[PDB]
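# Tertiary structure, described
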Amino acid sequence: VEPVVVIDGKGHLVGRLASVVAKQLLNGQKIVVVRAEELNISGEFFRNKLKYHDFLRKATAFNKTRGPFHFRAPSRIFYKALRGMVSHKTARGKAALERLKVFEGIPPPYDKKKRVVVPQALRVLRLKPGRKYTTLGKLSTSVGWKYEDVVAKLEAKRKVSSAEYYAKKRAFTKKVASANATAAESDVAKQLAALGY
Amino acid sequence: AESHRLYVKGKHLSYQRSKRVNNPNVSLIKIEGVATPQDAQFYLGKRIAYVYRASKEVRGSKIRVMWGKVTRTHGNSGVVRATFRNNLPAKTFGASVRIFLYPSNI
Amino acid sequence: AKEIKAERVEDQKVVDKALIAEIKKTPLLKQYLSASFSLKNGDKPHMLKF
Amino acid sequence: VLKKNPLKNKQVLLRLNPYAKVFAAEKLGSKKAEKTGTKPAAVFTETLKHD
Amino acid sequence: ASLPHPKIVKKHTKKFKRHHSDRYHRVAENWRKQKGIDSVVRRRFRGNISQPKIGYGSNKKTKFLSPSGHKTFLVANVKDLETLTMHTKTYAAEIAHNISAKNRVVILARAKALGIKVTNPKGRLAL
Amino acid sequence: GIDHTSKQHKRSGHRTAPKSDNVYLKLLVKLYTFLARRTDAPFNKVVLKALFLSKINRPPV
Amino acid sequence: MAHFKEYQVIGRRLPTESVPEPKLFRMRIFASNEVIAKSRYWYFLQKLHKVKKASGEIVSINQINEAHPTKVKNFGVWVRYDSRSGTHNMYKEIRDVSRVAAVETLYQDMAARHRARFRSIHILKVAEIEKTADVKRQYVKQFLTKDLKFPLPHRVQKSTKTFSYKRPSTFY
RNA sequence: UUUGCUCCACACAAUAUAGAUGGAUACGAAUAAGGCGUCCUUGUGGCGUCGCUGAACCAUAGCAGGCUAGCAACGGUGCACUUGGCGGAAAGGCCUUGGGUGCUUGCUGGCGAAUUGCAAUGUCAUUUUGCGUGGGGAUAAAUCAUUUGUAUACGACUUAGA
RNA sequence: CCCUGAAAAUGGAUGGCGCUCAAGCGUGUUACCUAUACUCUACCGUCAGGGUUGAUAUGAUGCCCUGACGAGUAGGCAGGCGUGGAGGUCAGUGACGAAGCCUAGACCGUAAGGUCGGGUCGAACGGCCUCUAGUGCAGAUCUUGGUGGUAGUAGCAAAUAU
RNA sequence: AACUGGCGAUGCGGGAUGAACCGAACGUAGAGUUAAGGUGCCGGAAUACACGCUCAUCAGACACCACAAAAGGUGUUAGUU
RNA sequence: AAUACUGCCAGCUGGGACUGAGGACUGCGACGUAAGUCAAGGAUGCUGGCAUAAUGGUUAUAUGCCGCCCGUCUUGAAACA
RNA sequence: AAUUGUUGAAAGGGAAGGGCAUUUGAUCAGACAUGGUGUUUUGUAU
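Rules used in this analysis
Residues numbered from 1 in each chain as written, not as in the entry; some residues may be left out. Chains lettered and ligands numbered in written order. Part of a larger assembly, values for the part shown. Heavy atoms only, no water. Residues with missing side-chain atoms left out of burial classes, pairs and counts. Contact = heavy atoms within 4.5 Å. Buried area = accessible area lost by both parts, 1.4 Å probe. Salt bridge = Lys/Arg side-chain N within 4 Å of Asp/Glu carboxyl O. Polar contact = N/O pair within 3.5 Å; in protein donor to acceptor, adjacent residues only side chain to side chain. Helix = DSSP H or I, 4+ residues; strand = E, 2+ residues; numbered from the N terminus. Nonpolar A, V, L, I, M, F, W, Y, C, P; charged D, E, K, R; others polar. Domains from an automatic or database assignment. Near = heavy atom within 4 Å. Core = buried A, V, L, I, M, F, W, Y, C linked by side-chain atoms within 4.5 Å. Buried < 20%, exposed > 50% of the residue type's maximum accessible area, 1.4 Å probe, protein only. Patch = residues over 30% accessible without salt bridge, like charges linked within 9 Å, V, L, I, M, F, W, Y side chains within 5 Å. Areas by Shrake-Rupley, 256 points an atom, 1.4 Å probe, with all protein chains shown as cover. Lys, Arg positive; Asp, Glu negative; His and termini not counted. Charge placed at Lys NZ, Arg CZ, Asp CG, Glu CD. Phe/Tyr/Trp six-rings, centres within 6.5 Å; stacked < 30°, edge-to-face > 60°. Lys NZ or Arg CZ within 6 Å of the ring centre and 35° of its normal.

Its PDB header attributes the entry to cryo-EM and lists the resolution as 2.86 Å.

Of the residues lining the interface, 21 residues belong to chain A; the matching set on chain G comes to 12 residues. In terms of surface lost to chain G, no three residues of chain A exceed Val117, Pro119 and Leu125 of chain A, which account for 38% of the buried area on that side. In this assembly, chain A and chain G are joined by 1 salt bridge. Where chain A meets chain G, there are 4 residue pairs in polar contact. Sorting the residues of the side of chain A that touches chain G by element identifies strand 1 (4-8) and helix 1 (14-26) of chain A as the ones contributing at least two each. Of the residues forming the side of chain A that touches chain G, the biggest block, 3 residues, is contributed by strand 1 of chain A. In terms of residue class, the side of chain A that touches chain G is built from 14 nonpolar, 4 polar and 3 charged.

Moving on to the domain arrangement of chain A. Residues and elements named next belong to chain A. Each assigned domain of chain A is listed here: domain 1 (1-147) and domain 2 (148-197). Centre-to-centre, using C-alpha coordinates, domain 1 lies 32 Å away from domain 2. If you look at the interface, domain 1 gives 13 residues, while domain 2 gives 6 residues. In this assembly, domain 1 packs against domain 2 so that about 690 Å² is buried in total across both faces, 54% of it on carbon and sulfur atoms. If you look at where domain 1 meets domain 2, you find 0 salt bridges. One can count 3 residue pairs in polar contact joining domain 1 with domain 2. Among the residues making up the side of domain 1 that touches domain 2, the classes are represented as 3 nonpolar, 3 polar and 7 charged.

Turning to the protein's contact with RNA strand K, a few remarks are in order. Residues in contact with RNA strand K amount to 55 residues; listed here are only the nearest, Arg92 of chain A, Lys69 and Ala90 of chain B, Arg15 of chain D together with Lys61 of chain E. Between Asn22 of chain B and RNA strand K, the recorded distance is 2.8 Å, taken from a side-chain N or O atom to a base nitrogen. Contacts to RNA strand K include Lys4 of chain D, whose side-chain N or O atom sits 3.2 Å from a phosphate oxygen. Broken down by secondary-structure element, the contributors of at least two residues to the surface near RNA strand K are helix 4 (91-98) of chain A, strand 2 (22-31) and strand 4 (63-73) of chain B together with helix 1 (10-15) and helix 2 (20-26) of chain D. In terms of residue count, the dominant contributor to the surface near RNA strand K is helix 1 of chain D (5 residues).

Contacts are most numerous between chains A and G, taken over all 5 pairs of chains that touch. Over all C-alpha pairs, chain D and chain E never come within contact, reaching a minimum spacing of 19 Å. Between chain C and chain F there is no contact, and the shortest C-alpha to C-alpha separation is 44 Å.

Counting residues in each nonpolar core, the largest one holds 32 residues, and the members touching the most others are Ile7, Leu17, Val21, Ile31, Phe78 and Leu100 of chain A. Element by element, the count of residues in this core is highest for helix 1 of chain A, at 7 residues. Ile31 of chain A has contacts with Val4, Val5, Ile7, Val21, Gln24, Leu25, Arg99, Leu100 and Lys101 of chain A together with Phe163 of chain G, leaving out every residue within four places of it along the chain. Of all hydrophobic cores here, the second largest spans 19 residues; its members include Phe75, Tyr81, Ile123 and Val126 of chain G.

All names here are of chain E. Among the surface-exposed residues, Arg32, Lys33, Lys35, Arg42, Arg44 and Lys53 lie close enough to one another that they form a single positively charged patch. Checked against the element boundaries, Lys35 lands in the segment before strand 1 (71-75). A residue is classified by how much of its surface remains accessible, and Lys35, at 69% relative accessible area, is exposed.

Between side chains of opposite charge, pairing is possible as soon as their charged atoms come close. For the structure on display, the rule yields 11 salt bridges over all chains. Measuring nitrogen to oxygen at the nearest pair gives 2.5 Å for the salt bridge that ties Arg35 of chain A to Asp8 of chain A. Placement of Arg35 of chain A in the loop between strand 2 (30-34) and strand 3 (40-42) and of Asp8 of chain A in strand 1 is noted, with a sequence separation of 27 residues between them. Assessed through its relative accessible area of 4%, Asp8 of chain A is described here as buried. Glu6 of chain G is the salt-bridge partner of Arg28 of chain G, the closest N and O atoms lying 3.9 Å from each other. In this pair, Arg28 of chain G is assigned in strand 2 (residues 25-31) and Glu6 of chain G in strand 1 (residues 5-13), connecting sequence segments 22 residues apart. Sharing partners across several salt bridges, the network here consists of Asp8 and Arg35 of chain A together with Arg167 of chain G.

For the structure shown, the criterion picks out 19 aromatic pairs over all chains. Seen in terms of ring centroids, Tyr15 of chain B and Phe93 of chain B are 4.9 Å apart; in terms of plane orientation they differ by 90 degrees. Their pairing is edge-to-face. Of the two residues, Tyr15 of chain B sits in strand 1 (residues 7-17) while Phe93 of chain B sits in the loop between strand 5 (79-84) and strand 6 (96-100), which places them 78 residues apart along the sequence. Accessibility classification places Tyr15 of chain B together with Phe93 of chain B in one group, the buried group. A network of ring pairs unites the aromatic residues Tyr7, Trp67, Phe100 and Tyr102 of chain B as a single cluster. A cation sits over an aromatic face here: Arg76 of chain A above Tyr79 of chain A, 4.6 Å from the ring centre. Positioned over the ring face of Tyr133 of chain A is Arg123 of chain A, at 4.1 Å from the centre of the ring.

Here you go:
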């Protein structure tokens, strides 16, 4: 339905988002993941910090620079979730990894474009209320991400830059929802309601 | 009009396969907007063209085509099976195919 | 390497004389026939009644 | 040469079964039974229903 | 033209090359059955080469038939060409490879008069 | 796959033709194969099956 | 087999020249069809009397429908079950419209609570609890109060597409 | 370096496409809560309304979209000029003032379409070069050879030399 | 069910990613996926049962019909392909080019292989029927001859020295 | 050692992987349907439905099989007196 | 009284897929008073395009999945035999 | 023939090689363009 949708990572379970994301890449769809620092993982924070430290212990013994690269960014933690869910060792999976961009915050030009959600991968619609969940920004800061503060600073700039956009968007929406009702109660309006619009 | 589309877009997902064996004779097509096999029953028998581009011209066109048709549904999620005259090249796992509305039944 | 018949034009005319006289008796159908059908974005031919 | 299925292909179904034309005309696969009003006994009914 | 024939199906158009024929130069192109105790070709593992079975045998009506629809007959002189005069619609003449250039034109002229199709009319053309 | 109750593709174990290249014997086989097929009498069947027989199975009388 | 029905299966011994006309044993059997129902009948009749399927005879099998299958009623079910470390009797109340639906609910619950399959469960009795203020389980007793009123918070909604566009709500 | 190089515009040729075939259509936060509208003696407020899927909204009729006569207006939408901004996270895009011009299906007309012959995507897009038109802009470095030793197996490094 | 009990040495394994009203566990209803399995059809081969000569089909181990089958080491049998030579025959081919050899050039055969076209070449060689054997090679730390990678590599550094 | 079935000699689907396990034995193709196993993605197939249990600061995840015991827990859920 | 469920129809009908094998007739049958026709012992009819690299073949490459290096000894070989 | 040189073609992220299927590039045979429903041979076989 769209050449590229931009998926918000806010309130998303990581593996449940990455699985439907990985199916979308292998079905020839370009998708971009923004706000990967607000991704959620089910389980306690100490459970997932110990889970990452178990992963971080795994490195090649004779040479550490060619081993498993334990990436500490939330975008690259999410990228590590995609790998394994995609057949990245073949040229089809390399093309699937080529069509995917995962980002911290919402960088340009994706700040001024429509962010979609995956409702059956959301933490709200999948976790039982009362379970403990870990946000990816807090987890990545504990394991070695050095950029929690600047992504939080740039998101604070982007949030008010988009709040003023929505302020004039409400102004135009108020004007157009007054104008259509002003153009209503006529022959063209009642006929269009009769057909079903 | 700026829209001249008489077909519906579909994605060539993969070959009809087992876990470790694929059969390139019949392919799997995910038609856009279709989610049930009951609503995918409309699309059986309809023609599928994989429309692609080569570099040199053959009959006055760089556009070439592989023709096929939907044979049956495949699964519970609107994926259908398509048999082509010449099979799909397996580089098109995710390319757009065109499911025309002919042969129609309306 | 590589002309319309005058008989083809005239029988098309006398078919059109009968056909137009009932096309115009209902509103907006002449505009409907002069338009061309196309599948838009989001419409699904398995649920669009024609 | 080629086997043709009965219960489709009515000419093969009429090559077999000379009663098939009478069966189709008289609708003997969908015959109405005779209406009767026999009531089950109370001893069978209360055995079925008890406890 | 020939008499009509069934649609030809080769049923394995690919040549049955020998196992490891391109790995080793001492292993020739021609097919030998692998008779080893541990060979995956003889054991017919999935993903390996197919061996010649009788299932791949062509149809009896379309056996020894060219894509022109003819059985090839290797002729050498005009006396061999007289045997295909009444059998033009099945047998196409083929000039033998050791026929001289001055003797090929007399057979080509005779076969063109007799209506016998020649599969190799361009062999040893002097120009 | 089927339960093989016996040996599949088993030859009958009997001679359908003489092993000889005798042209005159094969002419007598040709005549008596016609006689066994076109007569209901089992005499022509017995003579044909005995014409197939080898030298150790045709003793002198 | 949890698309259950309730059957009465009646059976007796084979009639002999010395003792004909046997005692005609009947019992109610919850099974998905008549073949399991006759099998479970001969199972429990071998648990009770010296008779087997060859020495016995099925005289009647009848599907029991509820006279009021659309009335909510408390079902006190006495059940024994074989565990990994022994056998126990127990007694659970199931609030359902049907005696069959209560047995379906117990078979799901006993597999969930004690890992007890259809293999290791014998339904001793299904008694309809006639009144209230006699149920002695709080998970049934809480539904038998005046003017029952409770919400279902945190509604999940079924999505027909992979991507949504509205950040979907959860109100209900 | 057979008057080299780069950038604006155009024709023409390639090879090349992980796959255009109306539209990325932009708040944030919470979900056991929110959005929207309105009001106030402006709040962690009152009232009304909505959701229960985007099956939406915008756009969408015209020889793949021609020619043309008008009707009520002052809109809409390209293409360029231009007033100014905003945006550094990969900004390279978004918004606005005004003029010019093409179209307008908001409404009424008239002409044209065929023969691609009963379908053949029936070709219209998106990248990068390579030959030429006609304008603009710029007018060098590096390596080797010699030399130094803050360096050095050799390369490298680090120097110096019109 | 979960937890403690529960500690091994390269880094690491529900197969991986991950999964928490599960993508865990127990159970149940269906829907769906697909094996060379089952069914149907075609073709190949084998086996079995048959049919086919009062003038007719190239004259019968042929042709045709029906049906069932088809895994395979050691092994057995059968039908064929190929090489050297021999007896016949094609009044066979050939200096207007035989045999050989090369041919990501065609055709036939399930295949063994055969055939053809082009290039080189220069003197003999094939088809069919049959006979004969020093008759088919990928292996034997095979034999002989030749050629590689290693590799322009190790080395050409004792005897004072040019 | 006994009965039987397999591997040897046997490919194919599944058990990620494996001579033996499960299914099923194999001419060459086409179509359909299943078996064993599965349907989040890799990976074809329901992020299906229903009833519950479990939150683990070494969870658990399918037989062969690639491990876990005695004992204890007002952890929690059912139940018996 | 309906309806659910189970079952039957020698009930009708729509949509799809794959196959077209044989080559005078015979045979069984159906409809028709007969004559003949037919879904009755296997596909014909109509139409269009191209007539060549279009389709097909070979070969190379790319892609999807599979594919351990052969011979031998062995119960077992890809073996660090 | 091994092996090598040049040219041409193609490919190349810790192998290459192979099978099923197709794309793309290169290359290659077949029809039918048949004595053919005939049609006065310019002092009667196109």
